[PDB]
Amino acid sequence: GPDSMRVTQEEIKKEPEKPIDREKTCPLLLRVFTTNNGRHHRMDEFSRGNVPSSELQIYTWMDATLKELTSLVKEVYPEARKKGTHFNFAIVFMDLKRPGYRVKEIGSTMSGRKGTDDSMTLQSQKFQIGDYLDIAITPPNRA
């Protein structure tokens, strides 16, 4: 008859994500790159040992949410506080097949508006220390 077998990784039933005990966990250093041209940085900008020459560094935890992070970005780039400003987040991560980096868009938020990705966390998107965060910021109403 049919045999029992171990479940493959893709079909593994995972528990719901849990908050981090931030008081007992040393924060990670998150490197955030930003654009204002309407698109993410290209992967050629992360090649040959280089990164973009502007960046924001943040101490945070694996349960950091997109809204928490945009609040910090707004501290340094106040024009981005304008209601309707759009923040498009992507994780830039090492390419394991070829040299350099790859990118995966994860979600977006908007100044002054509640949205479905506001509570999306780094851990939910399998962010790893060593990865970069890229945020493409665009003005209200797709101006």
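Heads up: residue numbers just count along the shown sequence, starting at 1.
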(Q) I need to verify one thing: averaged over C-alpha atoms only, is the B-factor higher for 99 to 107 or for 46 to 54? (A) 46 to 54
(Q) Test of understanding: from the entry's C-alpha B-factors, which stretch has the higher mean, 60 to 68 or 37 to 45? (A) 37 to 45
Q) Taking the values straight from the PDB record, which of 134, 131, 10, 21 has the highest C-alpha temperature factor? A) 10
Q | Maximum C-alpha temperature factor, selected from 80, 30, 91, 26 | A | 80
Q: Could you look up the Cα B-factor of residue 75 in the entry and say which third of the chain it sits in: lowest, middle or highest?
A: highest
